[PDB]
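S.K.: heads up, no residue letters with this:
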Ligand code: NA
């Protein structure tokens with residue numbers, strides 16, 4: 001049968017996100033973490049099975065990407081108070097792509113300031129960043 005026709009793909013979504021958000025270099029993110037990450041919340045948006053396999057950034061807060069809006073919005077029944085804090089929110093995933101979309105979503109909602117980690121946890125690990 002005729003296949004599905006995708007007319008808006010990840011390329012378009014990622015371009016829109018990337019040009020609107022801070023992409024924090026892996027090295028800068030690692031340095032930020034080592035400084036104590038004052039007034040920063042590092043948000044791990046990976047599936048828990050990814051986290052179990054590969055580990056995580058120490059002290060990061062887990063919120064899967066698919067739940068993000070529901071935990072950010074204070075008017076959501078599922079609101080998490082951490083997202084109301086007067087801090088910079090740095091999102092990360094495995095390779096940097098989901099987290100660009102997540103940062104853009106959060107920014108679109110009004111969360112400010114936001115960023116994501118270039119190359120994700122994969123790049124973090126490759127650089128020898130802190131891992132739990
Ligand atoms: Na950018």
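M.R.: Okay, I see it. Numbering: from 1, shown residues only.
S.K.: and the residue minimising distance to the centre of the chain, how far is that from residue 123?
M.R.: Centroid-nearest residue in the chain: residue 91, 2.1 Å away (criterion: C-alpha atoms, centre = their mean). In this view, residue 91 and residue 123 are 14 Å apart by C-beta to C-beta, to the nearest Å. To be clear about C-beta, it is placed using only N, CA and C from the backbone, and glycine gets the same treatment.
S.K.: Mind naming the longest helix for the chain?
M.R.: helix 97-109 (DSSP state H).
S.K.: which SS class is the spatially closest residue to residue 26 that is not a sequence neighbour?
M.R.: Excluding the flanking residues, the one nearest residue 26 by C-beta to C-beta, 6 or more residues apart in numbering is residue 123, at 4.4 Å. Per DSSP: H, G, I helix; E, B strand; the rest coil, the local secondary structure of residue 123 is helix.
S.K.: near the ion, which residues of this structure?
M.R.: Proximity of the chain to the ion, by C-beta under 5 Å from the ion, involves residues 18, 23.
S.K.: run the last query once more with 8 Å
M.R.: 18, 19, 20, 21, 22, 23 (C-beta under 8 Å from the ion).
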